[PDB]
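Atoms within a ligand are numbered from 1 in the order they appear, just like the ligands themselves. We use all heavy atoms of the structure for the numbers below, so side chains are in, but hydrogens, waters and symmetry mates are not. Per chain, numbering begins at 1; letters A, B, ... match sequence-line order.
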2 protein chains.
Amino acid sequence: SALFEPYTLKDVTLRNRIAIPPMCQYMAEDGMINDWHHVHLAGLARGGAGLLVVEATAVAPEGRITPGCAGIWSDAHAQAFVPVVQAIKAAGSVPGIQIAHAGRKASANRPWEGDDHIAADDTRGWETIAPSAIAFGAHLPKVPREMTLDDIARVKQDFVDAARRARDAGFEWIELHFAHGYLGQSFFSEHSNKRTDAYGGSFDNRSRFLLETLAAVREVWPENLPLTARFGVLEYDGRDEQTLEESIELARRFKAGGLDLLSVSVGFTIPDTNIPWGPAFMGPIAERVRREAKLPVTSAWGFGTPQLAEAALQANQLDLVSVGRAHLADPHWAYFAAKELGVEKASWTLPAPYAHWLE
Amino acid sequence: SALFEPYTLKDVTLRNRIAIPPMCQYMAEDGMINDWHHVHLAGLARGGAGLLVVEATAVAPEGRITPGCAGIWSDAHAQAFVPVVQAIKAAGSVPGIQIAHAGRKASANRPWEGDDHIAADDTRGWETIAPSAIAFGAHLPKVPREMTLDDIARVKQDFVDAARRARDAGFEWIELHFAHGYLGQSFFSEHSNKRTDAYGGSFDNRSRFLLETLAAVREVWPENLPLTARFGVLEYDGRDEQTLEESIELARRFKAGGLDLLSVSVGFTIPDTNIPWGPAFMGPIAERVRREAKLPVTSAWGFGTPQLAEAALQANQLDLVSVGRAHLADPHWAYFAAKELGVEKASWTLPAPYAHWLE
Ligand SMILES: Cc1cc2nc3c(=O)[nH]c(=O)nc-3n(C[C@H](O)[C@H](O)[C@H](O)COP(=O)(O)O)c2cc1C
Ligand SMILES: Cc1cc2nc3c(=O)[nH]c(=O)nc-3n(C[C@H](O)[C@H](O)[C@H](O)COP(=O)(O)O)c2cc1C
Ligand SMILES: O=c1ccc2ccccc2o1
Ligand SMILES: O=c1ccc2ccccc2o1
Ligand SMILES: O=c1ccc2ccccc2o1
Ligand SMILES: O=c1ccc2ccccc2o1
């Protein structure tokens, strides 16, 4: 089966094509991860996936989505990941991390605690920053502060510091979070970026924050470890052909700038959209990006049906299949997939103390 | 559903009737548990089961089954359990432990490393002890040394020390391992106990080691925490009616001696048996013990089909249903069961960072 073929990118080899995408847990305290994360991540790694990407981890305190978000904005924050990385490696999975800045979507409640911007007088909240002083709307009505050029330089450096820390903590795979309406996505989108300086207006200017951040990170991230990004390539906002064309052009620039793989997503930049949800719905758009930018891709949404994951790989729509919620339901989803797809000795997807008894 | 009704025994309340029975991992080193066990057990606890019983944990080095067995024969061994117990409690499951001595079945290879007695000249092995100098046979040919009265006193005290350590490490549930052909079972069975002193011959004498050990443990184990045992009540050796009658009589004595619940098993004392394996096959024998000894029971073997677990509870065959291998396959089996049995808000069997997204 295609799903269980290994994959090599730079010096890193994944044992199969199952990636666990970043999934926020909302369990950190002042950015510091804890035994919630340790057990969650080590357990996932033991389930058999080839790659485990740690949740959106904030490069700066104000770049958390919520008060429960993980952070890597100090060396002490980074140190907290060391034992988890080591446990992921012990289980034979590749440890990755998504480094992030939530931009105008920051300072929000946890999803089971209202999912909305935190009230102004709640002592947990903070001022958000963005390309322009324009609110997302809906459940995220807070108007962000327009970034200064010095803010832009500082956030870029925060991404570099985060990547350097990720490297030194032992991560073997990094993903820059340029998707889902957060800071990077919001610099790219005309909906959110009304700047008239070097960082807004034209395609080149809207691309600039993303490209400069990638280039700056590339200076500290080892060339032998995959350098990746997540990027929303359309919005389902009635401007999809134009948006896709620009996004694919930016993907070509990312590739030329050393990006090894793109995780293809939806932008979620604004709320007034009409996303055609369905199992594997992203496959055709991922395939178009893959083909037109000639860049390896992953995508997600509904690939927990193992036959869908297999079909996407066989059709060359994807290079890796990201499977999120199914792993929250069953940490050992990769074993279920192995059985479904008829992998010989399927139980040996798991470590010996499980595999021996399930065979 | 019956499976998701809470259960109170002494001062302890289980959130549902799902018990995870002891399952050896064979991952300890010189008896010391490690991050294998931490993540395994914490992950299981988060999956939703009401009770998690830690694997057979040796009361003495020679009472390990294998070189990978957990031990609790020193305070330093016990300390290693403290963070795991605390993680189990944090997840809302009740932490239990099975304390054990493998008797003539000790000094064996791990199951995926031959499953047989360790060769005499292998530096990992050790002399086994038992009631009588008689081998199990088959893959366990080693003849054990016949215990002296001082050996008997010492092993009893090792069980007391183990129980005291379990208590002080924060366990809320203890299970004495008097099943599966190990030391305790082998004192009860005429197949393995040919002693002609106070510890063999008559029913009273064959019962004596088990009853004295229970009584000694009872002196240090808090009266407000469940005191339980696992015991093989028949062998499927052509002597089942006689063996069951004696085993039920011993169960009555255990109850009179403060036993709160019996985990009903098969003896596995000798290899030449004909066990009628099948899904839930133990239900009727568990029910007979429950009824005739008027004692709460659990049992196992094939209850990973949630409807079977439900039916056994509704028929009053069992008070708790133990589900073993299905939890190795899927740590979140209790969530699967909740869905199968139509529990409202089934995903909230799991903690918020999972439940919110699966609802
Ligand atoms: C609990 C949860 C948290 C998520 N957190 C992130 C995250 O940190 N970064 C990100 O880019 N996407 C995040 N996502 C999106 C997932 O990575 C994924 O794309 C999505 O869940 C769809 O895949 P699935 O159908 O397999 O779950 C999250 C999704 C879930 C359910
Ligand atoms: C990996 C493994 C290890 C076990 N170790 C123990 C143990 O430590 N003590 C014990 O009394 N039974 C042990 N057992 C038996 C289980 O507790 C249980 O009775 C059995 O697996 C049947 O239940 P199941 O069909 O749900 O797996 C073990 C079983 C397995 C599969
Ligand atoms: O980038 C993100 C971060 C969190 C999150 C939670 C649910 C769904 C999607 C998400 O995307
Ligand atoms: O897959 C594995 C195999 C062995 C192991 C040992 C310790 C911790 C984690 C492990 O994961
Ligand atoms: O008491 C025990 C201990 C280990 C074990 C392993 C497999 C099956 C049954 C077992 O019982
Ligand atoms: O079920 C839970 C809920 C919360 C929690 C926090 C830290 C560690 C484990 C936990 O388990």
Margin query: Would B:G324 count as being in polar contact with ligand 2, using the rule that some N or O on each side must be under 3.5 angstrom apart?
Written below: yes

Next item on the list: Please state whether A:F303 comes within less than 4.0 angstrom of ligand 1, counting heavy atoms only.
Entry: no

Notebook entry, point to check: Any idea how A:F81 and A:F171 line up, ring-wise: parallel (<30°), tilted (30 to 60°), or perpendicular (>60°)?
Noted result: perpendicular

Next item on the list: Report the part of B:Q25 (side chain from C-beta onward, or backbone N, CA, C, O) that has a heavy atom under 4.0 Å from ligand 2; answer both or neither where that applies.
Entry: neither

Check: Does the cation-pi check pass for B:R325 over B:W333, that is, NZ or CZ under 6.0 Å from the six-membered ring centre and within 45° of its axis?
Finding: no

Notebook entry, point to check: With a 4.0 Å cut-off on heavy atoms, does A:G302 reach ligand 1?
Noted result: yes

Item checked: Centroid separation B:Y354 to A:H40 less than 6.0 Å -> yes

Checklist line | A:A300-ligand 1 polar pair, N/O distance under 3.5 Å | finding: no

Note to self: Show me which atoms of ligand 1 lie under 4.0 Å from any heavy atom of A:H180.
What the structure shows: 10 (C), 11 (O), 12 (N)

Item checked: Within the 4.0 Å heavy-atom sphere of ligand 4, strictly under, residues -> A:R46, A:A90, A:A91, A:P351, B:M27, B:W36

Next item on the list: Can you measure from CD (A:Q25) to OG1 (A:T66) and round to the nearest 0.5 angstrom?
Entry: 11.0 Å

Item checked: B:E29, CD: over 12 other non-hydrogen atoms inside 6.0 angstrom -> no

Notebook entry, point to check: Starting from atom 6 (C) of ligand 1, which protein heavy atom do you reach first, and at what distance in Å?
Noted result: A:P22 O, 3.0 Å

Notebook entry, point to check: So which heavy atom in the protein is nearest atom 31 (C) of ligand 1, and how far is it from that ligand atom?
Noted result: A:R325 CG, 3.5 Å

Next item on the list: Quick one: look up the protein heavy atom nearest atom 30 (C) of ligand 1 and list residue, atom name and how far away it is.
Entry: A:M23 CG, 3.9 Å

Next item on the list: List the closest protein heavy-atom neighbour of atom 3 (C) of ligand 1: residue, atom name, distance to the nearest 0.1 Å.
Entry: A:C24 N, 3.3 Å

Next item on the list: List the closest protein heavy-atom neighbour of atom 1 (C) of ligand 1: residue, atom name, distance to the nearest 0.1 Å.
Entry: B:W357 NE1, 3.1 Å

Checklist line | Shortest protein heavy-atom distance from atom 10 (C) of ligand 1, along with the residue and atom involved | finding: A:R230 NH1, 3.2 Å

Next item on the list: Could you tell me how the ring of A:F281 sits relative to the ring of A:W301: parallel (under 30°), tilted (30 to 60°) or perpendicular (over 60°)?
Entry: perpendicular

Margin query: So, using side-chain contact (heavy atoms from CB on, under 4.5 Å) as the criterion, who are the partners of A:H180 when residues are at least two apart?
Written below: A:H177, A:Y182, A:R230, A:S265, A:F268

Check: Within 45° of the ring axis of A:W36 and under 6.0 Å from its six-membered ring centre, is that where the NZ or CZ of B:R46 lies?
Finding: yes

Notebook entry, point to check: Is there a nitrogen or oxygen of A:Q98 sitting under 3.5 Å from a nitrogen or oxygen of ligand 1?
Noted result: yes

Next item on the list: Under 4.0 Å from a heavy atom of A:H177: give me the atoms of ligand 1 that qualify, with their elements.
Entry: 9 (N), 10 (C), 11 (O)

Note to self: What I want to know is whether A:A56 and ligand 1 share at least one N or O pair that is separated by under 3.5 angstrom.
What the structure shows: yes

Item checked: Atoms in ligand 2 flagged as close to B:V323, the criterion being non-hydrogen separation under 4.0 Å -> 26 (O)

Notebook entry, point to check: Which pair of heavy atoms, one from B:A334 and one from B:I18, lies closest together, and at what distance?
Noted result: CB-CD1, 3.6 Å

Notebook entry, point to check: Evaluating non-hydrogen atoms only, which member of B:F178, B:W301, B:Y26, A:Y354 is closest to atom 22 (C) of ligand 2?
Noted result: B:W301

Note to self: What's the separation between atom NE2 in B:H356 and atom CG in B:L350, rounded to the nearest 0.5 Å?
What the structure shows: 14.0 Å

Item checked: For ligand 2, the portion of A:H356 having any non-hydrogen atom under 4.0 Å away -> neither

Checklist line | Sub-4.0 Å protein heavy atom next to atom 20 (C) of ligand 2 | finding: no

Next item on the list: Hey, can you tell me if B:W112 and A:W357 have their rings parallel, tilted or perpendicular (30° and 60° cut-offs)?
Entry: perpendicular

Checklist line | Contact (N/O only, under 3.5 Å) between A:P21 and ligand 1 | finding: no

